[PDB]
Amino acid sequence: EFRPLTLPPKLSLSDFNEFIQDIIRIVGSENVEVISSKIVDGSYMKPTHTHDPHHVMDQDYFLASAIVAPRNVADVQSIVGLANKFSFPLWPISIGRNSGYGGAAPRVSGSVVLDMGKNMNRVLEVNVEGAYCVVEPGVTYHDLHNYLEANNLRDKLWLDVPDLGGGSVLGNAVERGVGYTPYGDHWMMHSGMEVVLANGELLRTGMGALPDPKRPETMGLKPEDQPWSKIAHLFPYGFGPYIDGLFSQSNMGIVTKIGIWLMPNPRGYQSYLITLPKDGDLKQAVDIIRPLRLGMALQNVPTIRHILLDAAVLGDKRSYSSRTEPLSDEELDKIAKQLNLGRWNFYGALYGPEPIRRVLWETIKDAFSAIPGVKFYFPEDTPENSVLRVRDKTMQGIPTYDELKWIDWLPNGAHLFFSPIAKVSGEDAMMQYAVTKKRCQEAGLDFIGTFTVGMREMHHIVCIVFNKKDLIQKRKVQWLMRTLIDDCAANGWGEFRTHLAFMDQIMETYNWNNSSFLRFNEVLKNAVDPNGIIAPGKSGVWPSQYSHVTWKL
Amino acid sequence: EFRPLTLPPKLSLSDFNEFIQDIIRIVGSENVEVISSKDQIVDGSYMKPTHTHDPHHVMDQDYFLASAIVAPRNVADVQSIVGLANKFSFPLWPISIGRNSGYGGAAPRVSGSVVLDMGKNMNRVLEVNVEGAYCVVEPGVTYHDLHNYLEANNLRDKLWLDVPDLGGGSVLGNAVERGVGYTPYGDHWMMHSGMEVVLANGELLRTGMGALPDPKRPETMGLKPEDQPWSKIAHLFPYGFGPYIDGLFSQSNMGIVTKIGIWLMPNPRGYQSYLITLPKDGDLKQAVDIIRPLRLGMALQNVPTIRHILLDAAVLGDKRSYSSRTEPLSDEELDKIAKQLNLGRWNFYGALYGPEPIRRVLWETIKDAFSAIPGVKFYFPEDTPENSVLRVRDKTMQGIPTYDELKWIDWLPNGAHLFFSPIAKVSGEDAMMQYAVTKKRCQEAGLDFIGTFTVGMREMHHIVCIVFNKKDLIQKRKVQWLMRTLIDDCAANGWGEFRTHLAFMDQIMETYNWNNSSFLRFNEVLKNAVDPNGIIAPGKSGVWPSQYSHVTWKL
Amino acid sequence: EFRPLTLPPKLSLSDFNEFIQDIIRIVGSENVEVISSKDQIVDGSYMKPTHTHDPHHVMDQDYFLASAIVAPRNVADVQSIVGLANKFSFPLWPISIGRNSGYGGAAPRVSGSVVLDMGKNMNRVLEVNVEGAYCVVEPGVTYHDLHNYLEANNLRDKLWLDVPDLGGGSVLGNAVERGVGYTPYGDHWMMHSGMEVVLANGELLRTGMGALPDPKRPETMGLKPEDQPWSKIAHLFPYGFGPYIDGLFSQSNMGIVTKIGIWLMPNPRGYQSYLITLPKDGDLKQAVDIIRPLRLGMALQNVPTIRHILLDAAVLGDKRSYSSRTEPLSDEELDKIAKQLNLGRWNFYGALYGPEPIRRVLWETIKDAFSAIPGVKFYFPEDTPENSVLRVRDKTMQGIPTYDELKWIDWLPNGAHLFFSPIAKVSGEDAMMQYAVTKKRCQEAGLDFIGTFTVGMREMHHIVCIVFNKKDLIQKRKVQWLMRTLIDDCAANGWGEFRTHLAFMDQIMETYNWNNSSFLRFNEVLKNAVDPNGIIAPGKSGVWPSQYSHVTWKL
Ligand SMILES: *Cc1cc2c(cc1C)nc1c(=O)[nH]c(=O)nc-1n2C[C@H](O)[C@H](O)[C@H](O)COP(=O)(O)OP(=O)(O)OC[C@H]1O[C@@H](n2cnc3c(N)ncnc32)[C@H](O)[C@@H]1O
Ligand SMILES: *Cc1cc2c(cc1C)nc1c(=O)[nH]c(=O)nc-1n2C[C@H](O)[C@H](O)[C@H](O)COP(=O)(O)OP(=O)(O)OC[C@H]1O[C@@H](n2cnc3c(N)ncnc32)[C@H](O)[C@@H]1O
Ligand SMILES: *Cc1cc2c(cc1C)nc1c(=O)[nH]c(=O)nc-1n2C[C@H](O)[C@H](O)[C@H](O)COP(=O)(O)OP(=O)(O)OC[C@H]1O[C@@H](n2cnc3c(N)ncnc32)[C@H](O)[C@@H]1O
């Protein structure tokens with residue numbers, strides 16, 4: 001509780017010590033860790049909460065003065081009123097496995113990272129008839145999966161998981177994360193949420209604003225402990241202004257609870273793989289997809305994975321090639337052959353009773369048969385190490401950590417995400433792939449990515465892997481991402497999600513009518529948090545105390 | 001114009017004229033009607049909606065009243081009018097079409113406001129994109145309009161609509177209200193992406209991927225913001241980057257909406273409407289229970305509906321065609337009406353979509369499922385008389401605008417509807433309790449219960465169709481009592497209301513008072529941030545800006 | 001007057017009339033024209049400049065539009081008008097003569113502003129001092145005016161002017177814009193000392209040694225500030241003591257300039273104009289390289305110029321006199337035009353000044369220097385046909401106003417110019433790259449490249465002469481695209497623009513965004529300090545005072 005590496009802006013060593021003393025008294029020093037020593041990157045099992053584990057900037061560039069971990073909601077309210085008093089900026093995390101996007105690191109160096117999930121980790125409710133659950137920030141996907149297994153529940157309810165099962169359900173959902181079942185759109189499938197505002201008051205959204213009737217057993221409970229109205233997590237909208245969205249990808253409050261819809265057991269499942277021989281086959285693949293996914297033949301969020309993405313799960317670059325320079329079109333085709341895979345590979349799944357799956361499979365099979373050399377497999381038709389057998393788990397909400405392995409492609413693996421949005425049009429996908437690829441090869445990187453598919457849009461997750469001891473390769477990775485953002489905005493593709501180092505540049509792409517969108521958000525931001533306390537800079541939304549000349553990247 | 005019926009608060013007749021002078025000089029005289037006489041406050045009809053007051057008046061006819069009507073030509077005029085309203089601190093009340101009958105019509109909350117008719121002159125279908133399966137509309141594009149525009153382009157073989165019970169509504173307007181359709185695309189609000197707004201400060205704003213600008217190119221140069229094209233992804237993906245602000249402008253007074261992107265369902269390549277009659281009054285409980293898993297599993301694809309017998313019977317006749325009885329029809333009489341029309345006491349309407357192998361399976365499932373109920377009969381449109389409700393809902397559940405549902409408003413003489421719209425769990429017990437509360441209060445007030453459960457995913461909108469004689473000033477007072485009581489009864493049992501009439505907005509938002517009205521105090525902070533002068537629709541959804549006395553204006 | 005075409009922001013028609021009433025009562029009716037009809041927005045000519053809108057309109061003709069024209073008699077009226085504009089918060093847009101065609105003409109940035117015609121009635125040459133070699137002028141003193149005044153006093157044997165390409169411009173006006181002449185005294189702004197200004201607060205101010213007051217004496221008593229004489233050193237030495245503030249009032253909206261002191265070159269005692277033809281398109285690279293050291297060494301005394309063949313050819317004829325071709329002339333055709341007129345593809349115009357022993361040496365140097373190029377031919381005015389451009393520039397490079405250059409605006413039917421004016425290093429490679437960017441975009445838009453490098457000391461102003469048919473609404477949109485693209489291309493290669501049209505002011509200042517628009521945020525702080533009410537020319541050079549929404553008004 002004395003001397004930290006960095007402090008937040010305009011702030012005296014007296015004040016920090018005075019602040020963190022009061023905190024160390026509120027939550028006990030078990031739950032306080034001041035950052036005093038010259039900050040290790042940590043693992044997925046025990047993630048760092050100090051700085052960016054997959055640093056593309058300098059390692060120390062995003063740096064927490066401390067880490068606080070409240071026991072409950074009250075302590076959050078207390079910490080905030082203290083933050084307000086000292087004009088001490090916060091940075092909420094749920095779990096802090098948001099690697100690829102900066103992890104648990106704050107934008108403003110000197111901030112407290114508020115580890116919400118360390119203690120607040122209860123699966124508050126799983127509800128079978130409403131087909132929902134209510135979770136705190138500390139509930140991971142494996143955790144929630146576990147809860148279902150210990151109560152014999154996957155007979156009745158399945159999850160939706162991102163590629164790894166370690167993320168926060170709460171946390172992923174407010175970043176508008178994505179999965180790969182029919183409930184892949186995580187933000188969409190929320191209903192009812194609790195929030196500590198910058199002023200310390202508790203606000204519950206949607207039908208959660210309708211209080212549960214007064215009665216003997218719940219009488220005298222604190223707000224944070226009060227139960228929800230019956231409809232709270234069944235109907236997202238409530239009455240009047242639908243505000244829920246003000247707390248997604250924002251710095252408008254601290255989220256303490258949330259309802260998530262769970263898809264009930266289909267009563268029949270079957271994943272599949274479709275390999276696409278040629279690199280050119282993508283255009284035609286996306287054109288066939290468009291009306292299949294619009295039609296609800298492709299019921300889940302399906303995904304077109306580049307060859308190197310599959311290859312990188314199975315081994316590192318070394319295990320394929322000894323070369324420094326990026327792999328050629330010829331060498332990729334060999335790997336395709338070495339694995340019994342296409343230059344692109346379409347993973348997907350069927351849901352519901354046998355006769356329905358029969359009709360959609362028939363059509364998907366003949367639909368795709370339009371492409372020369374196409375082939376079809378189920379899990380059983382593939383090698384026991386094959387990716388399909390992993391994604392077979394993913395696409396029914398069984399968590400896996402197998403997908404982590406492609407980070408190791410290069411030694412000292414870090415990922416960085418460039419994630420623009422395209423039309424579900426072969427022409428658009430290809431013109432975007434070609435922009436991405438051009439810049440990757442200029443930057444000396446192997447192109448790795450997916451095109452994942454929503455209803456009418458395609459998230460093109462580009463998977464930038466780099467050696468983080470290699471200071472040259474970072475410098476040009478930084479160039480790659482800054483160039484690709486400016487490029488894709490020059491063909492009308494925006495990014496839906498990013499890393500801390502780019503939130504300013506990306507928000508500047510969204511500058512229709514002289515940055516009208518951002519100007520409106522600032523007004524909202526400064527309205528609800530006068531003292532600029534909560535996560536300044538998040539999504540490039542700066543409160544009025546942060547001058548845009550010192551602080552915009 | 002010189003001498004209006006009411007003025008808005010804190011404002012002199014000299015100022016109204018200076019204000020309307022400067023406005024007739026912007027929009028033109030054609031586009032301004034000033035309500036200067038009791039000739040102008042006439043209820044009119046659905047085909048010609050009054051734009052001055054509540055046509056379906058539960059309060060005094062003239063309680064909610066406009067000083068004047070102003071039909072902006074285009075978005076610039078709105079920017080201009082907002083700027084002027086700010087200068088004169090003149091409250092505005094935006095509408096798109098103004099058929100929000102049952103929830104106040106076109107009337108403003110604050111008497112003396114300008115009803116800003118957004119759809120008189122902003123009524124173009126700006127875009128229909130087939131490969132994206134979406135359209136872009138300005139405020140005045142009705143359902144029948146958008147529908148016609150599809151027929152005029154031989155597009156229905158590719159794209160279908162989603163319609164509410166009546167085809168005259170604004171696509172734009174209903175969406176922001178979160179109205180309810182009856183195909184898969186029924187949640188009209190969900191099915192939006194990218195929308196344009198004039199703020200209280202006059203600035204133009206586009207949400208989602210609208211904020212990403214369509215790249216410069218020669219043919220788009222020198223265009224006024226409102227007339228610029230959109231990005232590739234504006235209407236393909238609603239979130240964009242950063243805070244998702246779209247919800248701030250649904251059921252709110254934070255902006256004036258100029259354009260919206262709406263998704264359209266593609267033509268399913270096969271369709272089959274159907275009706276399942278549920279014999280006894282009590283068959284509702286078992287029915288909901290059967291409906292729950294099939295909706296959750298997506299065996300029920302559309303937004304199906306469970307229609308109380310009087311709803312269907314009111315479509316086919318007014319009350320005096322059935323009883324010539326003053327009091328509300330007995331249980332014993334409700335059955336004879338049902339036997340007379342070959343209907344159940346509850347009636348379940350629904351549609352199957354897709355290729356016929358798939359539809360057949362889903363029908364096998366639904367039919368076997370419902371067969372658990374004693375007496376159940378199934379029908380396709382084909383199997384019922386021409387006048388039947390199913391042939392209307394056959395059209396409704398594949399996006400075709402109709403107007404047949406109007407008839408039920410004439411249940412009583414001088415008939416007007418009012419909707420009390422509480423939400424419920426998809427649970428027989430919960431559905432039945434709510435119904436029991438509702439029905440008991442309807443008897444207590446001397447009204448025939450009429451209503452419908454529209455089944456969302458995890459959730460039912462129980463629409464309660466209050467039909468009253470609007471010349472009967474004793475019935476109004478009972479209706480008001482009925483509404484104010486039911487809000488409290490249903491709040492006392494944990495059911496919220498998703499949508500209301502102007503007169504009940506403040507009471508309804510008073511039920512959302514978890515943690516000492518925390519949700520309202522937050523919306524108030526936001527409102528005052530973005531509309532310092534309280535120009536836009538003060539009192540919409542209980543949200544009063546700081547100039548309005550909560551003591552004086554709440555109800 | 002009662003009903004103008006546009007009004008300024010946030011302002012009622014009642015206020016405009018109260019404001020113009022009080023003004024007709026100050027200046028007089030003769031000095032106020034109110035733009036109340038579409039008869040008044042006529043482009044007119046160079047000899048009679050419209051003072052209401054952009055005569056050379058790339059936007060809609062009426063995008064930039066005045067509410068009214070006001071011709072103050074004298075400095076008091078300005079103090080009065082400023083005071084009143086402040087009271088009514090009425091934006092003003094000062095002009096001296098209003099021939100800023102190619103950069104917006106006399107139009108204001110904010111539609112509805114008062115164009116304040118400073119040179120109608122303040123047009124005296126206040127002083128010509130021979131021993132100091134300087135003059136003092138009010139706003140309305142054109143070049144031809146000042147020139148005539150020298151002939152009327154048999155002064156040319158002692159003092160010469162410096163003129164831009166056209167003699168109708170304001171000496172005052174061009175200087176504050178930093179226009180460019182073509183003798184040694186070409187940097188018109190450099191060549192100023194001591195200037196008088198009315199501030200936004202009404203107070204009168206004199207810069208440099210103007211702030212040192214001319215000592216009291218009997219014949220100067222009781223004079224109104226504006227009519228007081230100046231100090232000995234006011235116009236001999238520009239700095240004075242303390243902060244040098246003169247730059248705050250060039251290309252800015254910080255003041256209204258009432259008087260300026262300008263230095264005049266003495267008669268050199270010998271002069272010789274000349275033209276050097278550079279045969280091939282590519283001879284530009286070698287040429288610049290030769291020009292660099294000779295300019296730096298002062299072997300090239302004046303501001304010489306490198307004129308693209310079409311510039312000279314456009315002076316001699318419109319496009320239909322050469323091709324009757326829609327598309328832009330090919331490289332192969334540009335050569336035949338050059339052979340037809342005994343000219344190079346580039347053409348270098350220049351002058352030698354001083355006593356003949358000195359001129360001869362400098363010509364020996366220049367001639368030998370340029371001889372490095374294959375094909376080079378030299379000429380004196382004498383050696384060319386009467387119609388030639390050199391006889392015009394012979395007059396231009398010794399201060400004589402002409403109007404022959406006007407012809408090139410008629411290259412196309414309904415022709416209007418627009419200047420894109422990026423800066424470059426005096427380096428062949430850099431000159432050539434910039435030219436390659438510019439030319440490529442001109443082809444991409446379907447325009448003939450026409451342009452000129454005017455060589456400063458270390459620096460070249462590459463003036464790009466965009467001629468377009470102003471009735472062709474497809475070409476305007478291409479021109480706009482051309483301009484907005486080129487700003488970005490040239491910013492992407494480190495070239496800034498020194499001067500622009502109203503429509504491109506905000507984009508251009510957006511390139512000056514080093515350190516998160518630090519230079520603009522500073523100028524904004526200053527602006528708001530000195531003009532709290534945002535009265536003076538809001539939006540000049542991208543500088544918006546705090547009342548204007550940057551969201552709404554930027555382009
Ligand atoms: C490395 C990697 C990452 C990854 C992935 C595959 C690999 C190999 N696949 C992903 C996928 O398929 N889908 C997806 O959405 N993300 C994927 N990622 C990224 C990441 O693993 C996941 O998104 C992960 O679930 C996110 O991490 P976590 O859940 O730990 O999130 P967080 O750091 O706690 O939160 C991120 C930010 O959100 C704001 N935040 C979080 N909690 C709160 C609360 N309670 N209140 C207010 N704001 C909150 C903060 O801005 C925080 O930094
Ligand atoms: C009488 C009746 C009504 C009815 C119905 C059946 C009958 C017999 N069935 C309905 C149904 O199945 N589903 C449904 O959603 N509504 C149903 N109704 C009610 C009504 O007919 C419809 O909701 C109708 O579409 C709404 O009317 P309209 O489309 O005319 O909308 P509005 O009255 O113009 O707008 C209502 C409110 O919306 C806000 N608003 C509208 N436009 C704007 C803009 N541009 N900017 C800002 N706000 C806007 C205002 O709050 C306005 O008061
Ligand atoms: C069409 C054309 C234009 C042209 C040219 C050749 C042709 C064919 N060659 C030029 C050249 O060689 N050098 C040059 O500098 N300019 C050339 N031009 C452009 C134009 O003709 C001249 O620049 C001309 O002298 C400018 O017109 P004018 O002298 O009329 O100036 P203005 O329009 O009245 O003023 C322009 C702006 O200046 C500010 N201003 C002017 N007076 C005041 C006062 N008193 N106070 C405050 N500000 C003032 C305003 O910003 C005004 O908008």
# chains A, B, ... in the order shown; residues from 1 in each chain; ligands from 1
>>> residues_near_ligand(ligand="ligand 2", cutoff="6 Å", atoms="only C-alpha atoms and all ligand atoms", output="PDB file with C-alpha atoms, in the first residue's frame")
ATOM      1  CA  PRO B  94     -43.554  13.544 -33.350  1.00  0.00           C
ATOM      2  CA  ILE B  95     -45.712  11.045 -35.265  1.00  0.00           C
ATOM      3  CA  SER B  96     -45.115   9.009 -38.430  1.00  0.00           C
ATOM      4  CA  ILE B  97     -48.730   8.138 -39.415  1.00  0.00           C
ATOM      5  CA  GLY B  98     -50.725   8.606 -36.214  1.00  0.00           C
ATOM      6  CA  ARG B  99     -52.801   5.436 -36.034  1.00  0.00           C
ATOM      7  CA  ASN B 100     -51.585   4.665 -32.468  1.00  0.00           C
ATOM      8  CA  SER B 101     -55.332   4.354 -31.553  1.00  0.00           C
ATOM      9  CA  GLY B 102     -55.755   2.413 -28.343  1.00  0.00           C
ATOM     10  CA  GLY B 105     -53.722   8.234 -31.340  1.00  0.00           C
ATOM     11  CA  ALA B 106     -51.692  11.242 -32.500  1.00  0.00           C
ATOM     12  CA  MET B 118     -43.370  13.304 -40.185  1.00  0.00           C
ATOM     13  CA  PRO B 139     -41.875   7.663 -41.497  1.00  0.00           C
ATOM     14  CA  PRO B 164     -49.582  -6.032 -37.356  1.00  0.00           C
ATOM     15  CA  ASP B 165     -53.355  -6.749 -37.235  1.00  0.00           C
ATOM     16  CA  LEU B 166     -54.001  -3.588 -39.336  1.00  0.00           C
ATOM     17  CA  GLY B 169     -49.628   1.604 -39.470  1.00  0.00           C
ATOM     18  CA  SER B 170     -46.206   3.146 -40.013  1.00  0.00           C
ATOM     19  CA  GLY B 173     -43.512   4.088 -36.212  1.00  0.00           C
ATOM     20  CA  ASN B 174     -44.639   0.655 -35.049  1.00  0.00           C
ATOM     21  CA  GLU B 177     -42.938   1.500 -30.424  1.00  0.00           C
ATOM     22  CA  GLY B 179     -45.108  -3.323 -32.177  1.00  0.00           C
ATOM     23  CA  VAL B 180     -45.809  -6.919 -32.817  1.00  0.00           C
ATOM     24  CA  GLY B 181     -46.121  -8.760 -36.071  1.00  0.00           C
ATOM     25  CA  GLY B 255     -34.914  12.041 -30.827  1.00  0.00           C
ATOM     26  CA  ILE B 256     -37.008  12.405 -33.966  1.00  0.00           C
ATOM     27  CA  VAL B 257     -36.536   9.440 -36.280  1.00  0.00           C
ATOM     28  CA  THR B 258     -36.138  10.222 -39.964  1.00  0.00           C
ATOM     29  CA  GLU B 405     -59.798  -6.664 -37.612  1.00  0.00           C
ATOM     30  CA  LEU B 406     -61.235  -3.074 -37.331  1.00  0.00           C
TER      31      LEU B 406
END
>>> closest_atom_pairs(of="chain B", to="chain A", cutoff="7 Å", atoms="only C-alpha atoms", output="JSON lines")
{"residue": "B:132", "atom": "CA", "partner": "A:456", "partner_atom": "CA", "distance": 6.1}
{"residue": "B:205", "atom": "CA", "partner": "A:516", "partner_atom": "CA", "distance": 5.8}
{"residue": "B:206", "atom": "CA", "partner": "A:517", "partner_atom": "CA", "distance": 7.0}
{"residue": "B:211", "atom": "CA", "partner": "A:510", "partner_atom": "CA", "distance": 4.8}
{"residue": "B:212", "atom": "CA", "partner": "A:510", "partner_atom": "CA", "distance": 4.3}
{"residue": "B:213", "atom": "CA", "partner": "A:512", "partner_atom": "CA", "distance": 5.0}
{"residue": "B:214", "atom": "CA", "partner": "A:492", "partner_atom": "CA", "distance": 5.8}
{"residue": "B:215", "atom": "CA", "partner": "A:490", "partner_atom": "CA", "distance": 5.9}
{"residue": "B:225", "atom": "CA", "partner": "A:513", "partner_atom": "CA", "distance": 6.8}
{"residue": "B:231", "atom": "CA", "partner": "A:492", "partner_atom": "CA", "distance": 5.6}
{"residue": "B:232", "atom": "CA", "partner": "A:492", "partner_atom": "CA", "distance": 5.8}
{"residue": "B:233", "atom": "CA", "partner": "A:423", "partner_atom": "CA", "distance": 6.7}
{"residue": "B:236", "atom": "CA", "partner": "A:456", "partner_atom": "CA", "distance": 5.2}
{"residue": "B:237", "atom": "CA", "partner": "A:457", "partner_atom": "CA", "distance": 6.1}
{"residue": "B:240", "atom": "CA", "partner": "A:496", "partner_atom": "CA", "distance": 5.6}
{"residue": "B:241", "atom": "CA", "partner": "A:496", "partner_atom": "CA", "distance": 5.0}
{"residue": "B:242", "atom": "CA", "partner": "A:249", "partner_atom": "CA", "distance": 5.0}
{"residue": "B:243", "atom": "CA", "partner": "A:250", "partner_atom": "CA", "distance": 5.0}
{"residue": "B:244", "atom": "CA", "partner": "A:245", "partner_atom": "CA", "distance": 4.5}
{"residue": "B:245", "atom": "CA", "partner": "A:245", "partner_atom": "CA", "distance": 5.8}
{"residue": "B:247", "atom": "CA", "partner": "A:242", "partner_atom": "CA", "distance": 4.3}
{"residue": "B:248", "atom": "CA", "partner": "A:241", "partner_atom": "CA", "distance": 5.1}
{"residue": "B:249", "atom": "CA", "partner": "A:241", "partner_atom": "CA", "distance": 6.6}
{"residue": "B:250", "atom": "CA", "partner": "A:241", "partner_atom": "CA", "distance": 5.7}
{"residue": "B:251", "atom": "CA", "partner": "A:240", "partner_atom": "CA", "distance": 4.7}
{"residue": "B:252", "atom": "CA", "partner": "A:241", "partner_atom": "CA", "distance": 5.0}
{"residue": "B:297", "atom": "CA", "partner": "A:264", "partner_atom": "CA", "distance": 6.9}
{"residue": "B:358", "atom": "CA", "partner": "A:356", "partner_atom": "CA", "distance": 6.0}
{"residue": "B:424", "atom": "CA", "partner": "A:231", "partner_atom": "CA", "distance": 6.7}
{"residue": "B:425", "atom": "CA", "partner": "A:231", "partner_atom": "CA", "distance": 6.5}
{"residue": "B:458", "atom": "CA", "partner": "A:234", "partner_atom": "CA", "distance": 5.2}
{"residue": "B:459", "atom": "CA", "partner": "A:234", "partner_atom": "CA", "distance": 5.7}
{"residue": "B:492", "atom": "CA", "partner": "A:213", "partner_atom": "CA", "distance": 5.7}
{"residue": "B:493", "atom": "CA", "partner": "A:213", "partner_atom": "CA", "distance": 6.4}
{"residue": "B:494", "atom": "CA", "partner": "A:229", "partner_atom": "CA", "distance": 5.4}
{"residue": "B:495", "atom": "CA", "partner": "A:231", "partner_atom": "CA", "distance": 6.8}
{"residue": "B:496", "atom": "CA", "partner": "A:210", "partner_atom": "CA", "distance": 6.5}
{"residue": "B:497", "atom": "CA", "partner": "A:239", "partner_atom": "CA", "distance": 6.9}
{"residue": "B:498", "atom": "CA", "partner": "A:239", "partner_atom": "CA", "distance": 5.0}
{"residue": "B:499", "atom": "CA", "partner": "A:239", "partner_atom": "CA", "distance": 6.6}
{"residue": "B:511", "atom": "CA", "partner": "A:210", "partner_atom": "CA", "distance": 5.9}
{"residue": "B:512", "atom": "CA", "partner": "A:210", "partner_atom": "CA", "distance": 4.3}
{"residue": "B:513", "atom": "CA", "partner": "A:209", "partner_atom": "CA", "distance": 6.2}
{"residue": "B:514", "atom": "CA", "partner": "A:211", "partner_atom": "CA", "distance": 4.9}
{"residue": "B:515", "atom": "CA", "partner": "A:223", "partner_atom": "CA", "distance": 6.5}
{"residue": "B:518", "atom": "CA", "partner": "A:203", "partner_atom": "CA", "distance": 5.9}
{"residue": "B:519", "atom": "CA", "partner": "A:203", "partner_atom": "CA", "distance": 6.1}
{"residue": "B:525", "atom": "CA", "partner": "A:527", "partner_atom": "CA", "distance": 6.8}
{"residue": "B:526", "atom": "CA", "partner": "A:524", "partner_atom": "CA", "distance": 6.5}
{"residue": "B:529", "atom": "CA", "partner": "A:527", "partner_atom": "CA", "distance": 6.0}
{"residue": "B:541", "atom": "CA", "partner": "A:240", "partner_atom": "CA", "distance": 5.1}
>>> closest_residue(among="B:304, B:49, B:91, B:222", to="chain C", atoms="only C-alpha atoms")
B:222
>>> interface_residues(of="chain C", to="chain B", cutoff="7 Å", atoms="only C-alpha atoms", output="number ranges by chain")
C: 10, 12-13, 59, 477-478, 480-481, 551-552
>>> residues_around(residues="region 546-550 of chain A", least_positions_apart="6", cutoff="12 Å", atoms="only C-alpha atoms", output="count of residues only")
27
>>> residues_around(residues="residue 485 (chain B)", least_positions_apart="5", cutoff="12 Å", atoms="only C-alpha atoms", output="list in words")
residues 420, 437, 438, 440, 441, 442, 444, 445, 477, 478, 479, 480, 490, 491, 492, 504, 507 and 508 of chain B
>>> write_last_selection(atoms="C-alpha atoms", output="PDB file, in the first residue's frame")
ATOM      1  CA  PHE B 420     -53.956  -2.867 -21.420  1.00  0.00           C
ATOM      2  CA  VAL B 437     -57.463 -11.083 -12.462  1.00  0.00           C
ATOM      3  CA  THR B 438     -58.232  -9.387 -15.741  1.00  0.00           C
ATOM      4  CA  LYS B 440     -62.786 -10.387 -12.643  1.00  0.00           C
ATOM      5  CA  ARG B 441     -62.010  -6.663 -13.078  1.00  0.00           C
ATOM      6  CA  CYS B 442     -63.759  -6.573 -16.432  1.00  0.00           C
ATOM      7  CA  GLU B 444     -66.472  -5.530 -11.828  1.00  0.00           C
ATOM      8  CA  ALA B 445     -66.459  -2.662 -14.439  1.00  0.00           C
ATOM      9  CA  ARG B 477     -64.855   6.507 -15.660  1.00  0.00           C
ATOM     10  CA  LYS B 478     -65.290   2.732 -15.199  1.00  0.00           C
ATOM     11  CA  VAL B 479     -62.705   2.085 -17.974  1.00  0.00           C
ATOM     12  CA  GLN B 480     -60.257   4.463 -16.310  1.00  0.00           C
ATOM     13  CA  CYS B 490     -50.727  -7.021 -12.306  1.00  0.00           C
ATOM     14  CA  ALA B 491     -47.787  -5.119 -10.726  1.00  0.00           C
ATOM     15  CA  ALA B 492     -48.763  -6.712  -7.368  1.00  0.00           C
ATOM     16  CA  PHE B 504     -51.526   5.690 -18.144  1.00  0.00           C
ATOM     17  CA  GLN B 507     -48.712   5.241 -13.610  1.00  0.00           C
ATOM     18  CA  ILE B 508     -47.084   2.448 -15.694  1.00  0.00           C
TER      19      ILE B 508
END
>>> residues_around(residues="residue 534 (chain C)", least_positions_apart="4", cutoff="7 Å", atoms="only C-alpha atoms", output="PDB file with C-alpha atoms, in the first residue's frame")
ATOM      1  CA  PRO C  91     -22.920  36.877 -38.494  1.00  0.00           C
ATOM      2  CA  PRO C 538     -17.728  32.068 -38.649  1.00  0.00           C
ATOM      3  CA  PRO C 545     -16.724  29.914 -32.830  1.00  0.00           C
ATOM      4  CA  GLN C 547     -22.027  28.781 -30.997  1.00  0.00           C
TER       5      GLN C 547
END
